[PDB]
Amino acid sequence: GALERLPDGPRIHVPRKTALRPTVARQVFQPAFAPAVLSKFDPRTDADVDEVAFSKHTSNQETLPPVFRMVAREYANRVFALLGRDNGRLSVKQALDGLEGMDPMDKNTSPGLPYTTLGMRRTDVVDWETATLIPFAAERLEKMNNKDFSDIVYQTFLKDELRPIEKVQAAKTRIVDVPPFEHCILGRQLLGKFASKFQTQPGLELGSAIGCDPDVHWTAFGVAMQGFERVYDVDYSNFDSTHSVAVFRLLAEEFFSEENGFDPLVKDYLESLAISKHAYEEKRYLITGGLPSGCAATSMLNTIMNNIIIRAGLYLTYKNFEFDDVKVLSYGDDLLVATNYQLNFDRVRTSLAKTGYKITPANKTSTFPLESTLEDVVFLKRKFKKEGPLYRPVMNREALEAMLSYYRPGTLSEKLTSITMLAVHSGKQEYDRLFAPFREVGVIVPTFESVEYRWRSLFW
Ligand SMILES: NC(=O)CC[C@H](N)C(=O)O
Ligand SMILES: [Mg+2]
């Protein structure tokens, strides 16, 4: 239904072999994670990855009940009261250069179709100084500005990453969608002004943690939540389903509307995300619903949708529910619900399942606990550990060991450096155990003390 097989086109190359290699740590930690299946003939699975990866797009939730519109409108009222309604479109120059929020537009990422087929980079189709598009691209941009997105096609391929061993064995590999470079520019033009403000003000009050640095913001998040009787964690990640097409329509006219200061073209841009054409090898699909991955606004849109969805689930479950009975902290598929009331998220799961949405506990458990506090929850693979008046993000041990077990040749040292800043919050003993496989074979790893000093100094 929601997946339409179009006529074939020219074969776009789809990477079929992983760039990930094992480290010396893998034989020590032996993680239940491994590189995703990228090939039909991978011996670690009995399934066909080409079929499994797209089966989520076959069906899609066509409608949503009135409560979703009400919550979207009410969340919009709170967001734009905090952030203001000066949300007009930016110029191409500003989109390329960025603003205070968001770093400048990346010039070495894929420029999408048809440029990749012709062997062109992003630097070929625009000049970063003066922001001038090449004729063909300017025509494409102008065409979109007249509400016509019929030309744009997403470059789709399998995501080369670590997956849980069960997802490896079921060939449940995720998909990357790269939009055309001019479609990204337009996207950043239309949503960038709002994105700058939204992503520089993470916290309970906004309802979003997007754009946070866990090292600093964990203290603020934790302090804001510690007074509540309980905090529940919710996971939205679901390989088998995607966002309702109707959800895009709700955001277009209740959230990202002209009334809240957005450009008239935003509704059309959001529609081009909602229903889009995707090129995968020679196959061409028209997919209904779902959020493309490579768009800059993806995680922002997902975050806002999931914030709306949890309260809608609560309204659907409890007739006496009111918006401010909870506070929400959303980041993509991860969500926290802080409250003084006892809530039964098993019942909320049942409610949301009626509208095609799956929620599960953030930990390994299959059912939600009735009792849960700040010290129990996981958020972005991190717990909240109290350290005087501060909170530190203690990352799950299996996540750390998995990260340390594989790498991409060329960038080992900078991967280890990034992991030291994650592992420091586990304490010196665990820090030294995690990096011991590397140090035993002669690798110099930064000391616990050096990284601990860096974090502590953030609050002096
Ligand atoms: N990519 C999407 O739009 C779907 C994401 C959503 N969190 C899910 O249930 O899979
Ligand atoms: Mg994958």
# chains A, B, ... in the order shown; residues from 1 in each chain; ligands from 1
>>> residues_near_ligand(ligand="ligand 1", cutoff="9 Å", atoms="only C-alpha atoms and all ligand atoms", output="PyMOL selection string")
chain A and resi 56+235-245+274+289-293+298+302+306+332-334+356-359
>>> residues_near_ligand(ligand="ligand 2", cutoff="6 Å", atoms="only C-alpha atoms and all ligand atoms", output="ChimeraX atom specification")
/A:36,159-161,173-174
>>> write_last_selection(atoms="N, CA, C and O atoms", output="tab-separated table (two decimals), in the first residue's frame")
chain	number	residue	atom	x	y	z
A	36	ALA	N	26.40	-4.58	10.26
A	36	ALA	CA	25.12	-4.90	9.62
A	36	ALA	C	25.32	-5.72	8.35
A	36	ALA	O	26.37	-5.62	7.70
A	159	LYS	N	22.75	1.14	5.53
A	159	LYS	CA	23.59	1.84	6.51
A	159	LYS	C	24.66	0.92	7.10
A	159	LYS	O	24.35	-0.05	7.79
A	160	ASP	N	25.92	1.25	6.81
A	160	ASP	CA	27.07	0.50	7.29
A	160	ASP	C	27.37	0.89	8.74
A	160	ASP	O	27.96	1.94	9.00
A	161	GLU	N	26.97	0.03	9.67
A	161	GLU	CA	27.11	0.31	11.10
A	161	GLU	C	27.05	-0.98	11.90
A	161	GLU	O	26.68	-2.03	11.38
A	173	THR	N	18.80	-4.41	8.52
A	173	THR	CA	19.74	-3.34	8.28
A	173	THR	C	18.97	-2.06	8.00
A	173	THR	O	17.98	-2.07	7.27
A	174	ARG	N	19.40	-0.95	8.61
A	174	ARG	CA	18.78	0.35	8.40
A	174	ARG	C	19.17	0.97	7.06
A	174	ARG	O	20.11	0.52	6.40
>>> residues_around(residues="segment 185-193 of chain A", least_positions_apart="5", cutoff="6 Å", atoms="only C-alpha atoms", output="MDAnalysis selection string")
chainID A and resid 87 89:90 95
>>> write_last_selection(atoms="C-alpha atoms", output="JSON list (two decimals), in the first residue's frame")
[["chain", "number", "residue", "atom", "x", "y", "z"],
["A", 87, "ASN", "CA", 10.79, 31.98, 11.87],
["A", 89, "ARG", "CA", 13.13, 31.73, 5.57],
["A", 90, "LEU", "CA", 16.88, 32.33, 5.35],
["A", 95, "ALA", "CA", 21.82, 28.30, 4.76]]
>>> closest_atom_pairs(of="segment 285-392 of chain A", to="segment 425-434 of chain A", cutoff="12 Å", atoms="only C-alpha atoms", output="CSV")
residue,atom,partner,partner_atom,distance
A:382,CA,A:425,CA,9.9
A:383,CA,A:425,CA,10.2
A:384,CA,A:425,CA,10.3
A:385,CA,A:425,CA,8.7
A:386,CA,A:425,CA,10.8
A:387,CA,A:425,CA,10.2
A:391,CA,A:425,CA,9.9
A:392,CA,A:425,CA,6.4
>>> residues_around(residues="residue 223 of chain A", least_positions_apart="2", cutoff="12 Å", atoms="only C-alpha atoms", output="PDB file with C-alpha atoms, in the first residue's frame")
ATOM      1  CA  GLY A 203      15.664  21.340  28.434  1.00  0.00           C
ATOM      2  CA  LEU A 204      12.475  20.140  30.143  1.00  0.00           C
ATOM      3  CA  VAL A 216      27.180  19.933  30.556  1.00  0.00           C
ATOM      4  CA  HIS A 217      23.420  19.466  30.066  1.00  0.00           C
ATOM      5  CA  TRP A 218      23.051  16.303  32.178  1.00  0.00           C
ATOM      6  CA  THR A 219      23.308  18.488  35.302  1.00  0.00           C
ATOM      7  CA  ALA A 220      20.599  20.864  34.042  1.00  0.00           C
ATOM      8  CA  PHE A 221      18.341  18.003  32.882  1.00  0.00           C
ATOM      9  CA  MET A 225      13.740  16.351  36.934  1.00  0.00           C
ATOM     10  CA  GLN A 226      15.001  15.427  40.446  1.00  0.00           C
ATOM     11  CA  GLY A 227      12.045  17.090  42.238  1.00  0.00           C
ATOM     12  CA  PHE A 228       9.446  14.925  40.475  1.00  0.00           C
ATOM     13  CA  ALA A 338       8.764  13.252  34.476  1.00  0.00           C
ATOM     14  CA  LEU A 374      15.561   9.525  37.797  1.00  0.00           C
ATOM     15  CA  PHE A 384      21.919   9.943  35.511  1.00  0.00           C
ATOM     16  CA  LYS A 385      24.563   9.612  38.226  1.00  0.00           C
ATOM     17  CA  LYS A 386      24.640  12.171  41.035  1.00  0.00           C
ATOM     18  CA  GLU A 387      27.965  13.905  41.738  1.00  0.00           C
ATOM     19  CA  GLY A 388      27.473  16.564  44.416  1.00  0.00           C
ATOM     20  CA  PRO A 389      25.125  19.157  42.867  1.00  0.00           C
ATOM     21  CA  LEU A 390      25.983  17.847  39.361  1.00  0.00           C
ATOM     22  CA  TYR A 391      24.833  14.897  37.256  1.00  0.00           C
ATOM     23  CA  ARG A 392      27.113  12.894  34.970  1.00  0.00           C
TER      24      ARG A 392
END
>>> closest_atom_pairs(of="segment 285-381 of chain A", to="segment 101-114 of chain A", cutoff="12 Å", atoms="only C-alpha atoms", output="CSV")
residue,atom,partner,partner_atom,distance
A:294,CA,A:110,CA,9.6
A:295,CA,A:112,CA,11.2
A:296,CA,A:105,CA,9.4
A:297,CA,A:102,CA,10.7
A:300,CA,A:102,CA,11.9
>>> closest_residue(among="A:15, A:330, A:27, A:453", to="residue 438 of chain A", atoms="only C-alpha atoms")
A:27
>>> residues_around(residues="residue 327 of chain A", least_positions_apart="4", cutoff="10 Å", atoms="only C-alpha atoms", output="list in words")
residues 204, 205, 206, 207, 224, 225, 228, 231, 307, 311, 323, 336, 337, 338, 339 and 340 of chain A
>>> write_last_selection(atoms="C-alpha atoms", output="PDB file, in the first residue's frame")
ATOM      1  CA  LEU A 204      12.475  20.140  30.143  1.00  0.00           C
ATOM      2  CA  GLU A 205      10.749  23.462  29.441  1.00  0.00           C
ATOM      3  CA  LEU A 206      11.176  23.177  25.648  1.00  0.00           C
ATOM      4  CA  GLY A 207      10.475  19.429  25.706  1.00  0.00           C
ATOM      5  CA  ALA A 224      15.013  19.956  36.548  1.00  0.00           C
ATOM      6  CA  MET A 225      13.740  16.351  36.934  1.00  0.00           C
ATOM      7  CA  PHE A 228       9.446  14.925  40.475  1.00  0.00           C
ATOM      8  CA  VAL A 231      10.642   9.613  35.732  1.00  0.00           C
ATOM      9  CA  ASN A 307       6.954  14.539  22.092  1.00  0.00           C
ATOM     10  CA  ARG A 311       0.908  13.015  25.418  1.00  0.00           C
ATOM     11  CA  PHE A 323      -1.129  18.510  29.397  1.00  0.00           C
ATOM     12  CA  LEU A 336      11.711  10.787  29.310  1.00  0.00           C
ATOM     13  CA  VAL A 337       8.426  11.500  31.103  1.00  0.00           C
ATOM     14  CA  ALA A 338       8.764  13.252  34.476  1.00  0.00           C
ATOM     15  CA  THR A 339       5.725  13.335  36.744  1.00  0.00           C
ATOM     16  CA  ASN A 340       4.377  13.231  40.293  1.00  0.00           C
TER      17      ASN A 340
END
>>> atom_distance(atom1="atom CA of residue 140 of chain A", atom2="atom CA of residue 157 of chain A")
23.3 Å
>>> select_by_dssp(residues="segment 113-271 of chain A", states="alpha helix (DSSP H)", output="number ranges by chain")
A: 122-125, 135-145, 165-169, 181-198, 214-225, 245-250, 266-271
>>> residues_around(residues="residue 288 of chain A", least_positions_apart="3", cutoff="10 Å", atoms="only C-alpha atoms", output="number ranges by chain")
A: 1-4, 57-62, 242-245, 273-277, 285, 291
>>> closest_residue(among="A:64, A:209, A:416, A:286", to="residue 328 of chain A", atoms="only C-alpha atoms")
A:209
>>> closest_residue(among="A:234, A:301, A:400, A:444", to="residue 366 of chain A", atoms="only C-alpha atoms")
A:234
>>> residues_around(residues="residue 162 of chain A", least_positions_apart="5", cutoff="8 Å", atoms="only C-alpha atoms", output="list in words")
residues 33, 34, 35 and 36 of chain A
>>> atom_distance(atom1="atom CA of residue 370 of chain A", atom2="atom CA of residue 322 of chain A")
19.4 Å
>>> closest_residue(among="A:255, A:448, A:406, A:54", to="residue 421 of chain A", atoms="only C-alpha atoms")
A:448
